[PDB]
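Peer 1: how does the following fold in three dimensions:
(chains A, B, C, D, E, F, G and H)
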Amino acid sequence: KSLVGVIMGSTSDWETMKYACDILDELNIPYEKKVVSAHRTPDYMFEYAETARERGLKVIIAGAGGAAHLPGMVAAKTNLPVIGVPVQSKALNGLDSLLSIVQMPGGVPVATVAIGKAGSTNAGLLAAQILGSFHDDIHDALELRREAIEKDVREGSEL
Amino acid sequence: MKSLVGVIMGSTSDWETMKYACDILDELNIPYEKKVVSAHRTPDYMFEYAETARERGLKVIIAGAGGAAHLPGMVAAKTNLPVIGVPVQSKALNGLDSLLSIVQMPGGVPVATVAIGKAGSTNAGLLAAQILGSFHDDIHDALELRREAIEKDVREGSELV
Amino acid sequence: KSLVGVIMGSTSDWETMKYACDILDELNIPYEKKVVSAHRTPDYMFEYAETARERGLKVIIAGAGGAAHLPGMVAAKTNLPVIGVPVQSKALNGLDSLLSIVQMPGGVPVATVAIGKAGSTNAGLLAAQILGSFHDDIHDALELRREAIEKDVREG
Amino acid sequence: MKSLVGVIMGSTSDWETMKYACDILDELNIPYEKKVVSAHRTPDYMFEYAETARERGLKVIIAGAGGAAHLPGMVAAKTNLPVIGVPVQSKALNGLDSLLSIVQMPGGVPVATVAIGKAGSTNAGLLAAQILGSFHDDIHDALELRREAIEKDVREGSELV
Amino acid sequence: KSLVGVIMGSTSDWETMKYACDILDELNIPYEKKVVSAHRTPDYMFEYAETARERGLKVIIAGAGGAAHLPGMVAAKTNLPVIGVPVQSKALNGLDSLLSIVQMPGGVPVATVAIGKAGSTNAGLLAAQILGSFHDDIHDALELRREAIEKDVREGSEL
Amino acid sequence: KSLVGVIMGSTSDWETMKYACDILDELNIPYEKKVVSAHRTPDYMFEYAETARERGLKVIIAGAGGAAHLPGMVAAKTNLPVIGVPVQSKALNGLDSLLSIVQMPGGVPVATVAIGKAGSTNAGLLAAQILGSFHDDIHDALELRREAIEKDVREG
Amino acid sequence: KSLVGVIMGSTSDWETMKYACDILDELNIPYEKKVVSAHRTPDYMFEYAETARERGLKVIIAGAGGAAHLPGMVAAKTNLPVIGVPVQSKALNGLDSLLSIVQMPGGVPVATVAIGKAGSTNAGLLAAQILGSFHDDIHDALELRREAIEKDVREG
Amino acid sequence: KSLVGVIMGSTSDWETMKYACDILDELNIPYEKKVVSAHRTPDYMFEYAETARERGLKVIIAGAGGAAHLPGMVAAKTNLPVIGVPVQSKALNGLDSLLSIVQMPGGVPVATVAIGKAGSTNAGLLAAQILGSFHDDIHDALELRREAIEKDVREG
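Peer 2: Residues are numbered from 1 along each chain as shown, chains lettered A, B, ... in the order given. Coordinates below:
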């Protein structure tokens, strides 16, 4: 039973969105991953968003670039938390993606993370933290993961 | 009269910007409808509006939005009428967010984007008229006459006194 | 027992952050609100973040502008979800605030919302949606609220 | 065949971008002409091209330019055909200069602006078709069919395997 | 006999362009000032540019904002030096004006000055410097003006 | 006797500034080219600017990137027209170069041209146009050059 | 004997630059304040920078806006640390000022602080910190000031 | 005994930060270099900043990119001067890094230098200049280095 849905408008977004999925796998959180396009499959996008809650999802992670409407339009159609990953665009380096996603109007939040792969990693982590607010074992796994990275960084600290 | 142009915007506060497009349509006697349709607050209604636009006899839609300005692009995803997007000047980023959100549409879903704010809104009305004028000679002729009068006005007021 | 902490670096951020608090009040979600500064009270900020989970908080909303470090540093110190509100800054209109908050490196997410008051409203709603993923009554409230706004916009 | 769309650009190096618009027109069987017309290097020729476009039977002009991208706007000042402006990605500023130079046209002279680069160029072709499709049903129907096929393609390739 | 033409697309540009004209007056350089619009009077603009040289002008100062095409299109139609003043626009504060003017392609220079009133002052000064490269008295007037400002600034220097 | 000085802060700017020099060569305008740095040779830069007029120069072309001060500081030290070429910088793609050059305060104009090689070409042409305002033969050359390019573009 | 020089190109920059001075006054660090313009008094600017060290200054704080060359050109002429305050410009809100100051090439550092009044305050504090690296009492005064602010923010 | 600490959040920043170190080596200023991450080792970062003064450091050079909090958070925890190097980030080319570092609020200065390698070089030179305010020999070494560069640029 998937707890997180990871969606993106194009197969070319996968290069970015795989990082989020890697985190969910590392933390043993069941998820689904789909191509859902705001612009090329708008009706399907509404159906996906609409039914997410009934289907058992708790969080949706959505990636898009350019005029990046997928996270916001999904967010308009569900009251699950929606995390938006700005995919790095070719001309404007994800500045268009970022502003298109983060600047949502009052009433329809999108939890926006960094442009590109760091954000995608962070979307996975943030989905986990959301689950971890009620699942202690996920919270504990997040703490352990962070503690291991801290130790790794600090003990390789000399240059 | 059957509307040829739909002028829509996500919020009543956008009207201060969008009224300029309507003024142009009025000046050129182009029948139109104006509605508040919000991508984010009335998403199902937005799809219904877009979906049915062609059946309803509309030829062009002008859509205004600011910030994460998704109204024009999502309407455009749902109709093959030409969709003209007016970036409303946002408070923090002065319509830069509005502009990039509207203009940077992916291959397959064009939005005809005009200038941020009131100049763009005027121009949305004129562009809707130009679209119509590609098959309505009288609208094309009116546009020419309008432009010619402005040219004369400017060139004959050309001394700075 | 507070479920949400709403924090900001300066009392001058309250004009922006009150909007998040108004949403929490509307939805009857218990919360606490504090001035916690990354730069002027850095130790206190660590202690706040560190103990949030023990204290029963589920989500933190943090507002900051300029070189806006509060949300990210709090997120570095807790695995509670942290929502960052970029406060509109004077010179650069919140662009500095936004980039300072959203561009967090892998490992330390901050859920970033829009620059200014719209973002603040949305931080309250997003905190609620986080709660609502497990509390059905909060979820149903969010759905009802949204449906009433849809009707109001469509009809009038 | 009588051209319905003129596709112009200031430099042969812009063709790498502009060819996408032409590809769309070809796919939809819309007759068109393509010319190098430079605002800055052939200014008189640009005016002549714009001026005569309507007489010559064109209904829409697609114009690409980068940097200080004046071609679309100056063509638009000289015709009341709809003019679609494609911002070509510039070397230093990645088409930000191109975009602002094109989209920020003053009241009176709209330019239908699309995305920077190749996505915009594709979209210029589609938008020219949508303009035509407002009075040519078959072009409108083709656009619908095209969009419907893409929708099916995307939704049925929707699992990431 | 005017030596400099000062042109702008709109009467609302005058608030900016008057600074250039004030300098020309201060330096006793004869000039003309006209509204010439790239977008609303395109043919007139070409005629103005075309005939400038025959008419005895040596430099044109052109102001425009937004999608600011007047300086560049004038420059495409004459080989007089053309100085472009980016007028501060409402939404983007003259960033559009600046890029529209300065980013000319190889073959058609526009001498671009600062956004707004400082640039307009500077357009007047730059037109004078261009004349001053061959008229010694104008060069000497520029030196004297600059020397007086230097003395003024330095001697009011304590705060 | 040089009529134009073409200067730049670093030898790495030559890749950009050679384009201006190519135009001057094409038009047979005598010029000198030098490395003159606002930041590494500030005194020399003042001396260069100061003496330009005595030395018979009529126009200076100056290229610089990043915090691009060369054109403005030279312009502060001469009433010759100074043309500033923003060199494309690594991180910010000449945006810093452009703003550093064009945004001169009242009193000290710099004639700014496009970022990079197009601007450099244009600095040469603009220097020539300045000369051509009084030398008819240079003006006529510029007209002929432009007419040949028009024909080439329109026909082929 | 002044330890810090606070300079700016225009009297209109004083509104911004006073904040730095207020900090120096608060900490009892002797300073001088002068209008020194890179573009309108270039020779004077070189003389000021050149003689700073001989005159007993340890740090220079320089404010400028737009094409903001003052800090960098002073820094090219002294090896005292130079702190640059980007003054908020009218059109571009200090983005020009910031890029013009901070993007200095290898060899000529400028210590750049925030756009506007916050930056100016911080230029004063940074000058003090530099002095405080060798003057214990200045360092201790900085710690006390920061501690008092911490307490004020955390408690009220 | 190290006089300067050079720190960065990630080993991948070393490519940039080495330039600062090379300058310190050239000038024979003892320094230490460490990975200290604001977001991945926040407690360690506080301990490093807190103890810097007791440990004998006079200046800290800190590099960070993206949401670049390291310099500012270290600066919140010490009254040593802290120099911030904006590391060039992938998407936004260090614009995020720059705004995240330079826009510090009143009370907590960071001395910000250019984006990337030029900035890093300059952080080393600026640290030296700070020391050179009280160490004549460092000051003199800075003058000699600058004079040699001047000669090299002017002559060849």
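
Peer 1: my guess is residue A:31 contacts residue A:1. True?
Peer 2: No. If you go by C-beta atoms under 8 Å, residue A:31 and residue A:1 don't touch, sitting 10.4 Å apart. Where C-beta positions appear, they are placed from N, C-alpha and C, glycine not excepted.

Peer 1: more neighbours: these two, which one.
Peer 2: Applying other C-beta atoms under 10 Å in any protein chain shown to residue A:31 and residue A:1 shows that residue A:31 carries more neighbours, namely 19 against 7.

Peer 1: how much space between the more buried one and residue D:157?
Peer 2: According to C-beta to C-beta, to the nearest Å, residue A:31 stands 19 Å off from residue D:157.

Peer 1: what's the closest non-adjacent residue to residue A:57?
Peer 2: Spatial nearest neighbour of residue A:57, excluding adjacent residues (C-beta to C-beta, 6 or more residues apart in numbering or on different chains): residue A:5 at 4.9 Å.

Peer 1: who does the helix or strand hosting that neighbour pair with, and is each partner parallel or antiparallel?
Peer 2: Assigned by DSSP states H and E, residue A:5 belongs to strand A:4-8. Partners of strand A:4-8 in the sheet, by DSSP bridges, are strand A:31-35 (parallel), strand A:59-64 (parallel).

Peer 1: now, of the ones you listed, which is deepest in the fold?
Peer 2: Highest mean neighbour count among those (mean count of other C-beta atoms under 10 Å in any protein chain shown): strand A:59-64, with a mean of 30.

Peer 1: I'd like the next helix or strand past that one.
Peer 2: Next in sequence after strand A:59-64, counting helices and strands by DSSP H and E, comes helix A:70-77.

Peer 1: between strand A:4-8 and that next one, find me the angle.
Peer 2: Helix A:70-77 runs at 130 degrees relative to strand A:4-8, counting by axes from the mean of the first three to the mean of the last three C-alpha atoms, to 10 degrees.

Peer 1: ok, the residue nearest to residue A:57 - how many residues close by?
Peer 2: A total of 26 residues lie near residue A:5 under the criterion other C-beta under 10 Å.

Peer 1: touching, it and residue A:61? I think so.
Peer 2: Yes. Residue A:5 sits in contact with residue A:61 when judged by C-beta under 8 Å, with a separation of 7.1 Å.

Peer 1: does residue A:141 count as helix, strand or coil?
Peer 2: Following DSSP: H, G, I helix; E, B strand; the rest coil, we place residue A:141 in the helix state.

Peer 1: for it, which residues are in contact?
Peer 2: A:27-28, A:128, A:132 (C-beta atoms under 8 Å, 6 or more residues apart in numbering or on different chains).

Peer 1: could you dump those residues into TSV and include neighbour count, secondary structure and distance to chain G?
Peer 2: Listed next are these as TSV, based on neighbours: other C-beta atoms under 10 Å in any protein chain shown; DSSP: H, G, I helix; E, B strand; the rest coil; distance: C-beta to the nearest C-beta, whole Å:
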residue	neighbour count	secondary structure	distance to chain G
A:27	18	coil	36
A:28	10	coil	40
A:128	28	helix	32
A:132	25	helix	29
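
Peer 1: what does chain A have sitting close to chain D?
Peer 2: Applying C-beta under 8 Å from any C-beta of the partner chain, we find that chain A lies next to chain D at A:11, A:14, A:33-37, A:40-41, A:43-44, A:66-67, A:90-93.
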